[PDB]
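Chemist: So that we are looking at the same thing, I have put the structure below in structure tokens.
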Number of protein chains: 4
Amino acid sequence: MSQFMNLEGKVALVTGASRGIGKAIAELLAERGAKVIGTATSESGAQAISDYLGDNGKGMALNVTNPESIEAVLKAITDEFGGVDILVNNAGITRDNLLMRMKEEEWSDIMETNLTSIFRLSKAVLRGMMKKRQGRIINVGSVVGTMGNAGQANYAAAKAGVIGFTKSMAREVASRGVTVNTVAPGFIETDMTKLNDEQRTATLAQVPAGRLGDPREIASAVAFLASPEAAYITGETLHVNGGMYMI
Amino acid sequence: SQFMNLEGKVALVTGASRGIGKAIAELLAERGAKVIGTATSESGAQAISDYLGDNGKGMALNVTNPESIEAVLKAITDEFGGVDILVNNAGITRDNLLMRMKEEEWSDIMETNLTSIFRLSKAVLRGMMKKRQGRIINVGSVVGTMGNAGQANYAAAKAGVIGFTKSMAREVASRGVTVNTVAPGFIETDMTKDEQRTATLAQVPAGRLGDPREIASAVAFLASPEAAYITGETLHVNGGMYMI
Amino acid sequence: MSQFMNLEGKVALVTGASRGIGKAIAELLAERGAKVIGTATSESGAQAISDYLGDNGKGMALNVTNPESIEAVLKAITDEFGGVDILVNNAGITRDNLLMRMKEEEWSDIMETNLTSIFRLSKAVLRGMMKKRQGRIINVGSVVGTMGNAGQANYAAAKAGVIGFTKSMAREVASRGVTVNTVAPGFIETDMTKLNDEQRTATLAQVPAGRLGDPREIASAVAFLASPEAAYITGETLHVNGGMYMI
Amino acid sequence: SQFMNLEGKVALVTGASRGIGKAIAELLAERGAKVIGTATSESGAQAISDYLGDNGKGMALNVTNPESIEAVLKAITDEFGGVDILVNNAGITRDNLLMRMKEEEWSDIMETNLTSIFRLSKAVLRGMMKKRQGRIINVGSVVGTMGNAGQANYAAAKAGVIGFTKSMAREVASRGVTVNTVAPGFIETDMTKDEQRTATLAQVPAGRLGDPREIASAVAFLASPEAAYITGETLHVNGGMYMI
Ligand SMILES: NC(=O)c1ccc[n+]([C@@H]2O[C@H](COP(=O)([O-])OP(=O)(O)OC[C@H]3O[C@@H](n4cnc5c(N)ncnc54)[C@H](OP(=O)(O)O)[C@@H]3O)[C@@H](O)[C@H]2O)c1
Ligand SMILES: NC(=O)c1ccc[n+]([C@@H]2O[C@H](COP(=O)([O-])OP(=O)(O)OC[C@H]3O[C@@H](n4cnc5c(N)ncnc54)[C@H](OP(=O)(O)O)[C@@H]3O)[C@@H](O)[C@H]2O)c1
Ligand SMILES: NC(=O)c1ccc[n+]([C@@H]2O[C@H](COP(=O)([O-])OP(=O)(O)OC[C@H]3O[C@@H](n4cnc5c(N)ncnc54)[C@H](OP(=O)(O)O)[C@@H]3O)[C@@H](O)[C@H]2O)c1
Ligand SMILES: NC(=O)c1ccc[n+]([C@@H]2O[C@H](COP(=O)([O-])OP(=O)(O)OC[C@H]3O[C@@H](n4cnc5c(N)ncnc54)[C@H](OP(=O)(O)O)[C@@H]3O)[C@@H](O)[C@H]2O)c1
């Protein structure tokens, strides 16, 4: 209702919003007033997004590794809603393996999807933001980017790369009222995590909080950084991990 | 709404007569907390009571005085019950290059900016642990992470705050208490009140000083139910002056 | 002469050793007893390396973006010298631009050369190291990876990615006596830096030491991490930047 | 050889009677430094004189006593000239969960592990600055960066050490003095002397405790001419226990 953390008038683009964290981000940004565009890799996924967003946004099909798709989706957004004010780079995948078993494809698929996508999507929205002297870019990273993790050298390289990209863009655009930050979740209750008894208990053994995080808790950190009130935060990595790692 | 709603929470914000501390106390009150803010003099305490009105009150407190801390906490507990949110904002500077830095300038900083947080955190923790819910939020400084010439004492204390924070976060996370630090960059306050500002501003990509309200916002965020999965963190609010 | 920081018996592979930092690394490792293989992108570069290394190693032509070249060079090394004990991933490039001017090629060339190369080269030497329960992997990163820098979002993403990769591999192989670390130089006196009066004075204005670093100073940090004495260091980033940035 | 050669340097290593401090003093001597190591008792000082032989000597020092520090520094300066390398190794632990942590357990840690570094660094800095060459190397702890339950006091001090380090590095870098921290993980010493070690080891990827010589090596490296471009750094030597 109030003027606090109020995103009325802002257009938000949330990639990979069909479920879990991306869905929670999209839902919360809309609740705080934003016109939200959520993306999925298929039209039926896009349609499921439209359905949960109702009058507060819509779903669009997007492949973040395809520049043609990116250009199509942003043109469509800008026509109806105007320039994107808030970009949330949530889309991402895992292709886990110990290094000696890791395929070239498994490395390159992670680079493309989890790191190079952020370069393309960010580049695609930045001009409009610089022109208006207002913007938010928020990348959904991971505790693994900062901590490292066995069996996820590719994922960790890509997520650490997102931080290096963020800090640099932060410096490039700070004087023009655009912030660029990363939110780094620890282990969050999701389809991915819903693992056998042993594995969950093992990861949980490394969380002081003694539980998995909720997608809503990641959404909240993203909504915070997206807000007018977070204008003096840039180049930051906001860790939301239950104490799994502390920097 | 239910979002970032602190209704039912009792907040203690030290050093709340002006600047960052006042912005924190005001915002926590606006989000529904019952707020007790402190100053070092009774007329300061009164001015806090005055701006809080029915949302809380002002008390006189010296954070380097065990008997003051104990008296203020008994007062708060008697009237409002135990503290749910602790904001350690009170802090000073005693700037000097090391070769000119007096024993008392080192020690005043250790006592006021670091030991105070040990004493106050200890004083509120048992209640938060029994309740299985709590927030301790320390107001650090970019200087704690970046260092700054002429502020080795201040940097030592503010870095120490983070080591303390990480340790306590580990100690109490399983009992639903979070411990975090908000690290302001250069914010327009009395502490920062032409060539010296231009020099500071030259190191801030944002090209401006931060507002006290912007620090308040970070503190309110971490104080919220929604920030329950954040602990042992240092949240930098510095316009890009430093990036970790 | 002594048993201190003694690399006698170790085989070192230093990529991009024809000049500057890579050359200084190669020269120092040889001085400390290592059999050193330095690489360049051409046979004449390789030959210049052979010439400075003399009886303590040789030059080889290597393209770190070509798996065929990598497999050829390691097979050649292993035949003559045995398994690589020390890998120094120094080869790298810059393709600077502000994001809005940055080409797809400029991004992908940096990813390939500065990040994906480390995946390939590391994967190529790790088995032998794990088998012997002894190894060093040392990546030459950059202060930019941790600090960010305007006009170098690609470079910074790749160099930050190297840290995420390092931490993960460090966890994967620590129990098998292999360390994996990064050395992150600040601004070092090199061909790259030998910039106009204004630009050098500008970068120097951000260095408390008030000078550029020497390539030998980077070589020393690498030699330190390569040593038996540094066995309890892994997953670390060793900053050698004159106080430009402090973590 | 000329490599990592400390001939002509005077090194002061506090807390050098055993463990890490002794490994540091021995290695600095082996690399050619004239070494003065300290213990808290004269028989400790004598044992240091005994293992150093002609490479240096042992002195009694309490790093929480200004008059002791001043006496030891005058002794060193009279005989050997001013200190070129300062190694702040002396440190203690006073473990307890916060609710059981006494005032004296907080303060002994602040005085012994943090304020001592202010006093000793201040005592040697003018000489290093005039000479335009110097090394101050603090022995921190992984706990300063990682935190640890039951060690909030120790973590606060060891984190504080790093804030101090970054500030002084900035202050004196232009005059050729470096200030750094080596942060040991769990090292086999008296301080760490079955289930408790297994629990510690379980968090170390290397699957072993560090050796005191491995910390000595890091200290010798940073003490060297070759490390002149390293300042304001924290060098972690922890077997992968933590990775920054
Ligand atoms: N799960 C965790 O515990 C955790 C922890 C830390 C960080 N994260 C990070 O948080 C983000 C979201 O995580 P999550 O676990 O909620 O993901 P998720 O439930 O697996 O969903 C992934 C989303 O990304 C989209 N996506 C995948 N590839 C794409 C592509 N090439 N182009 C466009 N979209 C694509 C998917 O689209 P479709 O719906 O069409 O498949 C989907 O909407 C990721 O960046 C992940 O790395 C997750
Ligand atoms: N401003 C900045 O640029 C900046 C940057 C980074 C961090 N910070 C941190 O932010 C916090 C507040 O900063 P500020 O700039 O708002 O400071 P400020 O304007 O000087 O206000 C300091 C507050 O602390 C109180 N205080 C001082 N000593 C005390 C003591 N011994 N016991 C109890 N209360 C005491 C003061 O009370 P009285 O009103 O009675 O004096 C006052 O309310 C500090 O911890 C500071 O280190 C500030
Ligand atoms: N210069 C600095 O101030 C500075 C600061 C921080 C970090 N660094 C990093 O330190 C490392 C070395 O820096 P530098 O400035 O000394 O480099 P440099 O003098 O420009 O030389 C680069 C070296 O890398 C090799 N190389 C380039 N592309 C290659 C490829 N595709 N395959 C194989 N080798 C290739 C070059 O081979 P050829 O000889 O055949 O061309 C050359 O030997 C780099 O990773 C750089 O990012 C430099
Ligand atoms: N061991 C570890 O796992 C570990 C890990 C991380 C960091 N560290 C750090 O490494 C340093 C040395 O550790 P350690 O394990 O070798 O400790 P230690 O075996 O307990 O030795 C401590 C040394 O400090 C001296 N000392 C104690 N209090 C002093 C005082 N007030 N004034 C002057 N000297 C004093 C002692 O002298 P006496 O011989 O006279 O008692 C002794 O020589 C400490 O700073 C510690 O915090 C150790």
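Since every read-out is calculated from the coordinates, none of them should be taken as a lab result. FYI the Cβ positions are ideal-geometry reconstructions off the backbone, even for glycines, and counts take in every protein chain you see.
Chemist: Restricting the search to the stretch D:76-134, which residues are β-branched (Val, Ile, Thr) and within 14 Å of chain B (Cβ to nearest Cβ)?
Modeler: Kept after step one, since they are β-branched (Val, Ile, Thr), are these residues of the stretch D:76-134: D:76-77, D:83, D:85, D:87, D:92-93, D:109, D:112, D:115, D:117, D:124.
Within the stretch D:76-134, D:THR93, D:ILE109, D:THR112, D:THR115, D:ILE117, D:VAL124 qualify.
Chemist: Let me ask another. Please tell me if A:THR190 is farther than 30 Å from A:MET130 by Cβ and touching a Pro at 6+ places or on another chain (Cβ under 9 Å).
Modeler: Working: farther than 30 Å from A:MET130 by Cβ: yes; touching a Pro at 6+ places or on another chain (Cβ under 9 Å): yes.
So A:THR190 passes the test.
Chemist: From A:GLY235, A:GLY243, A:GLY213, which residue is out of contact with any strand residue (DSSP E or B) (no Cβ under 6 Å at 6 or more places or on another chain) and closer than 19 Å to B:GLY176 by Cβ?
Modeler: Selected residue: A:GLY243, the only one of A:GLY235, A:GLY243, A:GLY213 that is out of contact with any strand residue (DSSP E or B) (no Cβ under 6 Å at 6 or more places or on another chain) and closer than 19 Å to B:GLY176 by Cβ.
Chemist: Also, quick follow-up: Those residues that are closer than 30 Å to D:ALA149 by Cβ and of a type in the set (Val, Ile, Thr), I need them from the stretch D:57-112; list them, please. Full working, then the answer.
Modeler: The first filter runs over the stretch D:57-112 and keeps only residues closer than 30 Å to D:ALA149 by Cβ, leaving D:62-64, D:87-112.
Selection gives D:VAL63, D:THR64, D:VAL87, D:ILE92, D:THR93, D:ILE109, D:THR112.
Chemist: Taking the stretch C:182-219 on its own, how many of its residues are within 13 Å of another protein chain (Cβ to nearest Cβ) and β-branched (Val, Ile, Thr)?
Modeler: Pass one, the stretch C:182-219, residues within 13 Å of another protein chain (Cβ to nearest Cβ): C:182-189, C:202, C:204-219.
Those left that are additionally β-branched (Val, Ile, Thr): C:182-183, C:188, C:207, C:218.
Of the residues in the stretch C:182-219, 5 are within 13 Å of another protein chain (Cβ to nearest Cβ) and β-branched (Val, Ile, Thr).
Chemist: Against the condition over 18 Å from B:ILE109 (Cα atoms) and basic (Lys, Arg), how does B:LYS193 come out, does it pass? Even if it seems obvious, please write down each step before you answer.
Modeler: On the way: over 18 Å from B:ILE109 (Cα atoms): yes; basic (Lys, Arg): yes.
Yes: the conditions hold for B:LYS193.
Chemist: For the subset of the stretch A:130-152 comprising residues that are touching an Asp or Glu at 6+ places or on another chain (Cβ under 9 Å) and assigned to a strand (DSSP E or B), which member is nearest to ligand 4 (Cβ to nearest atom)?
Modeler: Only one residue fits best here, namely A:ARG136.
Chemist: Moving on to the next point. Just checking, how many residues over the stretch C:88-105 are within 10 Å of chain A (Cβ to nearest Cβ) and crowded, with 19+ Cβ neighbours inside 10 Å?
Modeler: 2
Chemist: Further question on the same structure: Would you be able to say whether some residue in the stretch B:185-198 is within 24 Å of B:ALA33 (Cβ to Cβ) and away from ligand 1 (no atom under 16 Å from the Cβ)?
Modeler: Pass one, the stretch B:185-198, residues within 24 Å of B:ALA33 (Cβ to Cβ): B:187, B:189.
From what is left, the residues that are away from ligand 1 (no atom under 16 Å from the Cβ) are B:187, B:189.
The answer is yes; a qualifying residue exists.
Chemist: Since C:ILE25 meets every condition but one in (1) surrounded by fewer than 19 Cβ atoms within 10 Å (Cβ to Cβ); (2) within 14 Å of chain D (Cβ to nearest Cβ); (3) within 23 Å of C:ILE218 (Cβ to Cβ), which condition does it not meet?
Modeler: Just one mismatch for C:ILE25, condition (1).
Chemist: Identify, please: which residue in the stretch A:48-77 is β-branched (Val, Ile, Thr) and within 16 Å of A:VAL14 (Cβ to Cβ) and is, among those, surrounded by the most Cβ atoms within 10 Å (Cβ to Cβ)?
Modeler: Within the stretch A:48-77, the first condition is being β-branched (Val, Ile, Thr), and the residues that meet it are A:49, A:64-65, A:70, A:73, A:77.
Applying the additional criterion that residues be within 16 Å of A:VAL14 (Cβ to Cβ) yields A:49, A:64, A:70, A:73, A:77.
On the way: A:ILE49: 27, A:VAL64: 24, A:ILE70: 21, A:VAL73: 23, A:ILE77: 19.
For the stretch A:48-77, the residue satisfying everything is A:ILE49.
Chemist: Sticking with this structure for a sec: For D:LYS158, which of the numbered conditions (1) within 14 Å of chain B (Cβ to nearest Cβ); (2) among the charged types (D, E, K, R); (3) under 19 Å from C:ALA209 (Cβ atoms) fails to hold?
Modeler: (3)
Chemist: Just give me the residues in the stretch A:131-165 being more than 7 Å from every other protein chain (Cβ to nearest Cβ) and either out of contact with any helix residue (DSSP H, G or I) (no Cβ under 8 Å at 6 or more places or on another chain) or within 16 Å of ligand 3 (Cβ to nearest atom) (or both), in sequence order.
Modeler: Once the filter is applied, which keeps residues that are more than 7 Å from every other protein chain (Cβ to nearest Cβ) and either out of contact with any helix residue (DSSP H, G or I) (no Cβ under 8 Å at 6 or more places or on another chain) or within 16 Å of ligand 3 (Cβ to nearest atom) (or both), the stretch A:131-165 yields A:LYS131, A:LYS132, A:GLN134, A:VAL143.
Chemist: What do you reckon, is D:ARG170 among the charged types (D, E, K, R), within 14 Å of chain B (Cβ to nearest Cβ), surrounded by fewer than 21 Cβ atoms within 10 Å (Cβ to Cβ) and away from ligand 4 (no atom under 16 Å from the Cβ)?
Modeler: Values: among the charged types (D, E, K, R): yes; within 14 Å of chain B (Cβ to nearest Cβ): yes; surrounded by fewer than 21 Cβ atoms within 10 Å (Cβ to Cβ): no; away from ligand 4 (no atom under 16 Å from the Cβ): yes.
Judged against the criteria, D:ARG170 is not a match.
Chemist: Pull up the stretch B:179-193, narrow it to residues that are over 12 Å from B:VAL219 (Cα atoms) and either of a type in the set (A, V, I, L, M, F, W, C) or crowded, with 24+ Cβ neighbours inside 10 Å (or both), then point me to the one that is farthest from ligand 2 (Cβ to nearest atom). Give the derivation first.
Modeler: Pass one, the stretch B:179-193, residues over 12 Å from B:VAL219 (Cα atoms): B:185-193.
Checking the rest, the ones that are also either of a type in the set (A, V, I, L, M, F, W, C) or crowded, with 24+ Cβ neighbours inside 10 Å (or both) come to B:185-187, B:191.
On the way: B:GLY185: 7, B:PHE186: 5, B:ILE187: 4, B:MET191: 3 Å.
Selected residue: B:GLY185.
Chemist: If we keep just the residues of the stretch A:205-216 that are touching a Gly at 6+ places or on another chain (Cβ under 9 Å) and within 24 Å of A:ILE25 (Cα to Cα), which is surrounded by the fewest Cβ atoms within 10 Å (Cβ to Cβ)?
Modeler: A:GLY210
Chemist: Scan the helices (runs of 4 or more DSSP H) fully inside the stretch A:1-110 and keep the ones with 2 or more residues being within 16 Å of ligand 2 (Cβ to nearest atom).
Modeler: Helices (runs of 4 or more DSSP H) meeting the threshold: none at all.
Chemist: Output the helices (runs of 4 or more DSSP H) that fall wholly within the stretch D:138-242 and possess 1 or more residues being under 19 Å from D:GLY91 (Cα atoms), or say none.
Modeler: Numbers: elements: D:142-146, D:152-172, D:195-201, D:212-223.
Passing ranges, in order: D:142-146, D:152-172, D:212-223.
Chemist: Which residue, of A:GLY213, A:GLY177, A:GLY186, is away from ligand 3 (no atom under 16 Å from the Cβ) and more than 15 Å from A:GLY242 (Cβ to Cβ)? Quick ask: steps written out before the conclusion?
Modeler: Details: A:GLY213 fails: more than 15 Å from A:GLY242 (Cβ to Cβ); A:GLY186 fails: more than 15 Å from A:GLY242 (Cβ to Cβ).
Only one candidate passes the filter, namely A:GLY177.
Chemist: Scan the stretch C:136-151 for residues that are buried (at least 24 other Cβ atoms within 10 Å of the Cβ) and more than 24 Å from B:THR145 (Cα to Cα) and report the count.
Modeler: Residues flagged as buried (at least 24 other Cβ atoms within 10 Å of the Cβ) and more than 24 Å from B:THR145 (Cα to Cα) within the stretch C:136-151 amount to 5.
Chemist: Collect the residues in the stretch D:176-207 that are within 22 Å of the chain's Cα centre (by Cα) and farther than 21 Å from C:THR237 by Cα, keeping them in residue-number order.
Modeler: To start, the set of residues in the stretch D:176-207 that are within 22 Å of the chain's Cα centre (by Cα) comprises D:176-193.
Matches in the stretch D:176-207: D:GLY176, D:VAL177, D:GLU188, D:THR189, D:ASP190, D:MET191, D:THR192, D:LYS193.
Listed here are the residues, each with its yes/no results for (1) more than 9 Å from chain A (Cβ to nearest Cβ); (2) under 22 Å from B:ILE136 (Cα atoms).
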position: B:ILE187; (1), (2): no, yes
position: B:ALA202; (1), (2): yes, no
position: B:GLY207; (1), (2): no, no
position: B:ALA216; (1), (2): no, yes
position: B:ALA220; (1), (2): no, yes
position: B:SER224; (1), (2): no, yes
position: B:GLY232; (1), (2): no, yes
